[PDB]
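Right, one structure below, let's go through it.
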Amino acid sequence: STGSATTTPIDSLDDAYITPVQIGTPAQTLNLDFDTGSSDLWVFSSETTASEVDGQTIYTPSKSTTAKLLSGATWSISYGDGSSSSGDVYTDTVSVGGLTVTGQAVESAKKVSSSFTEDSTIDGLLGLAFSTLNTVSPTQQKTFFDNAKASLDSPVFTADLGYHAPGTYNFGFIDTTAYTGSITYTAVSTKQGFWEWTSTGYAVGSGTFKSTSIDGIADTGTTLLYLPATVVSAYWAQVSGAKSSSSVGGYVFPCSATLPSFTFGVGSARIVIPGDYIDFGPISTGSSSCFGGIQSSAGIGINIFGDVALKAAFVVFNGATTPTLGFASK
């Protein structure tokens, strides 16, 4: 089997991408944030504290003839941005782009943190990291991909995120018309539960490529590119007037600037992020100070190849017995 679904930016900055997901019978379609940095499929629901729902579409398990309470199971998650959610668990039928999993754990939120409430466009998350990170207790549950992978034509999914435009998540096949050149595959460590890999270096604009190993994660659920402070300083030094602002929370730059590209290495291959992809717009409405799309990971503990980097590539998440990642230009 295969599936293919369009993923759509939630706003004009590409802050996140939503993908329609069918849950239950009859289908209830929710727009979920596919997140290769986490491993829970959780949704706003009829159980979510009413004051914490503000415009999201909810899953109502009582209206699904295939929903079953997973007795005794609870979940609770905290993300790298400080947001969180928790609740109980149903199993139900879940379909993405024509690919159906029966008995998928659907984690129903009883509580969500304010950042989720305040984002009416995201009805939940669909985790695509390794199932070892799933938070369901006392019996950990499998991700959608883990449940589907034996049925898929090939045990892979691909992320083709758009710049200011829709893109595609495919399951079970590699669309050879969706990229240029060849796909370069690189090793993955699953020891932390992430799609963790090592970039071979970077370049700023037309500058020389610096060969240096940069360990990080491929994370579709993180907006920006978070890299070591040395790398980030080298980038922003090429933007007149750019500076790190402790009050804003990162590098800002004059909105009048033209940003240079940023290149990262995948083996001997190179992925070029155009300068425009690094512009996240005014820090507040009407400001001439703009927020940068490349930020320091120093306070995180891990480097993160988020959407800024991934949207410049066609990305293969190869879930073979020994997982690997593939990157192609497009």
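By order in the structure tokens, chains are A, B, ...; within a chain, residues start at 1; ligands start at 1, following the order shown.
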
Quick one: residues within 12 Å of residue 254 of chain A, only C-alpha atoms counted, chain neighbours fewer than 5 positions away excluded, as a JSON list (two decimals) with N, CA, C and O atoms, in the first residue's frame?
```json
[["chain", "number", "residue", "atom", "x", "y", "z"],
["A", 236, "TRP", "N", 25.00, 35.24, 10.44],
["A", 236, "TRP", "CA", 24.42, 36.57, 10.65],
["A", 236, "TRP", "C", 25.46, 37.68, 10.51],
["A", 236, "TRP", "O", 25.08, 38.83, 10.25],
["A", 239, "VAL", "N", 25.04, 39.72, 7.40],
["A", 239, "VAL", "CA", 23.84, 40.52, 7.26],
["A", 239, "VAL", "C", 24.07, 41.82, 8.04],
["A", 239, "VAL", "O", 24.10, 41.82, 9.27],
["A", 240, "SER", "N", 24.18, 42.94, 7.32],
["A", 240, "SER", "CA", 24.47, 44.20, 7.98],
["A", 240, "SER", "C", 23.36, 44.56, 8.95],
["A", 240, "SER", "O", 22.18, 44.59, 8.59],
["A", 241, "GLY", "N", 23.74, 44.83, 10.19],
["A", 241, "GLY", "CA", 22.80, 45.22, 11.21],
["A", 241, "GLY", "C", 22.17, 44.07, 11.98],
["A", 241, "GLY", "O", 21.42, 44.32, 12.92],
["A", 242, "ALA", "N", 22.44, 42.82, 11.60],
["A", 242, "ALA", "CA", 21.89, 41.70, 12.34],
["A", 242, "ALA", "C", 22.60, 41.56, 13.68],
["A", 242, "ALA", "O", 23.80, 41.81, 13.80],
["A", 243, "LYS", "N", 21.85, 41.12, 14.68],
["A", 243, "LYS", "CA", 22.39, 40.98, 16.02],
["A", 243, "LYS", "C", 21.53, 40.00, 16.79],
["A", 243, "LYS", "O", 20.35, 39.82, 16.48],
["A", 259, "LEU", "N", 18.86, 38.63, 2.51],
["A", 259, "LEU", "CA", 19.58, 37.59, 3.25],
["A", 259, "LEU", "C", 20.38, 36.70, 2.30],
["A", 259, "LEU", "O", 19.91, 36.35, 1.22],
["A", 279, "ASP", "N", 13.83, 34.40, 6.30],
["A", 279, "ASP", "CA", 13.14, 35.61, 6.76],
["A", 279, "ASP", "C", 11.83, 35.20, 7.42],
["A", 279, "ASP", "O", 10.94, 34.68, 6.75],
["A", 280, "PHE", "N", 11.71, 35.46, 8.73],
["A", 280, "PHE", "CA", 10.46, 35.19, 9.44],
["A", 280, "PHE", "C", 9.71, 36.45, 9.83],
["A", 280, "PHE", "O", 8.81, 36.40, 10.66],
["A", 281, "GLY", "N", 10.02, 37.55, 9.17],
["A", 281, "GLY", "CA", 9.17, 38.71, 9.21],
["A", 281, "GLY", "C", 9.31, 39.52, 10.49],
["A", 281, "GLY", "O", 10.07, 39.20, 11.40],
["A", 282, "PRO", "N", 8.54, 40.61, 10.56],
["A", 282, "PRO", "CA", 8.67, 41.54, 11.69],
["A", 282, "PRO", "C", 8.47, 40.85, 13.02],
["A", 282, "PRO", "O", 7.59, 40.00, 13.18],
["A", 283, "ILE", "N", 9.24, 41.29, 14.02],
["A", 283, "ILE", "CA", 9.14, 40.68, 15.35],
["A", 283, "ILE", "C", 7.78, 40.97, 15.99],
["A", 283, "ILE", "O", 7.28, 40.17, 16.79],
["A", 287, "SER", "N", 6.91, 46.41, 12.88],
["A", 287, "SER", "CA", 8.31, 46.61, 13.21],
["A", 287, "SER", "C", 9.18, 46.46, 11.97],
["A", 287, "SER", "O", 8.90, 45.67, 11.07],
["A", 288, "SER", "N", 10.27, 47.22, 11.93],
["A", 288, "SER", "CA", 11.29, 47.02, 10.90],
["A", 288, "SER", "C", 12.41, 46.08, 11.34],
["A", 288, "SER", "O", 13.40, 45.94, 10.62],
["A", 289, "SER", "N", 12.28, 45.45, 12.50],
["A", 289, "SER", "CA", 13.18, 44.40, 12.92],
["A", 289, "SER", "C", 12.52, 43.06, 12.62],
["A", 289, "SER", "O", 11.38, 42.84, 13.01],
["A", 290, "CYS", "N", 13.24, 42.20, 11.90],
["A", 290, "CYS", "CA", 12.71, 40.93, 11.42],
["A", 290, "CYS", "C", 13.39, 39.78, 12.15],
["A", 290, "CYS", "O", 14.55, 39.88, 12.56],
["A", 291, "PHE", "N", 12.67, 38.67, 12.33],
["A", 291, "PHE", "CA", 13.20, 37.54, 13.08],
["A", 291, "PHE", "C", 13.89, 36.55, 12.15],
["A", 291, "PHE", "O", 13.35, 36.18, 11.11],
["A", 292, "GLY", "N", 15.09, 36.13, 12.52],
["A", 292, "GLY", "CA", 15.85, 35.21, 11.68],
["A", 292, "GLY", "C", 15.40, 33.75, 11.77],
["A", 292, "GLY", "O", 14.96, 33.25, 12.79]]
```

message = Could you go through segment 61-163 of chain A and tell me which residues DSSP, when run on the backbone, assigns to helix (DSSP H, G or I), listing them as a ChimeraX atom specification?
response = /A:61-63,114-117,131-133,144-148

Two-atom distance - atom CA of residue 229 of chain A, atom CA of residue 297 of chain A (Å) =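 Atom CA of residue 229 of chain A sits 6.8 Å away from atom CA of residue 297 of chain A.
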
Minimum-distance residue to residue 97 of chain A, chosen among A:208, A:324, A:170, A:284 (using only C-alpha atoms) =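 Counting only C-alpha atoms, the residue closest to residue 97 of chain A is A:170.
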
query = What separation in Å, quoted to one decimal, exists between atom CA of residue 131 of chain A and atom CA of residue 7 of chain A?
reply =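 The value is 22.5 Å.
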
inquiry  = Just checking: using only C-alpha atoms, which residue out of A:173, A:130, A:305, A:251 ends up closest to residue 99 of chain A?
reply    =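 Once distances to residue 99 of chain A are computed over only C-alpha atoms, the minimum belongs to A:173.
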
message = Taking only C-alpha atoms into account, name the residue in A:221, A:207, A:24, A:275 that is nearest to residue 312 of chain A.
response = A:275

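Residue neighbourhood of residue 175 of chain A, excluding near-sequence residues (fewer than 4 positions): residues 158, 170, 179 and 314 of chain A, at 10 Å, using only C-alpha atoms.
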
Please produce an output containing C-alpha atoms for each residue in the selection, written as a PDB file, in the first residue's frame.
```
ATOM      1  CA  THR A 158       8.941  11.340   2.403  1.00  0.00           C
ATOM      2  CA  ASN A 170       4.084  10.333   0.838  1.00  0.00           C
ATOM      3  CA  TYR A 179      13.270  16.070  -6.866  1.00  0.00           C
ATOM      4  CA  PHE A 314      13.057  16.334  -0.762  1.00  0.00           C
TER       5      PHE A 314
END
```

task = From segment 61-259 of chain A, collect each residue whose DSSP state is strand (DSSP E) and return the set as a PyMOL selection string.
result = chain A and resi 68-78+84-96+99-112+124-127+156-160+167-171+184-187+196-204+210-218+225-227+243-245+250-254

key: Exercise: segment 39-43 of chain A partners within 7 Å, only C-alpha atoms, chain neighbours under 2 positions left out, as JSON, numbers by chain   = {"A": [45, 59, 106, 107, 108, 109, 123, 124, 125, 126, 127, 128, 129, 130, 131, 133, 134, 135, 143]}

query = Leaving out residue 202 of chain A and any residue of its chain fewer than 2 positions from it, which residues lie within 10 Å of it when counting only C-alpha atoms, given as a PyMOL selection string?
reply = chain A and resi 199-200+204-205+207-214+231+235+262-266+270-272

task = Take atom CA of residue 6 of chain A and atom CA of residue 313 of chain A and report the distance between them in Å, one decimal.
result = 16.0 Å

inquiry  = With distances taken over only C-alpha atoms, which residue among A:132, A:245, A:36, A:117 lies nearest residue 190 of chain A?
reply    = A:132
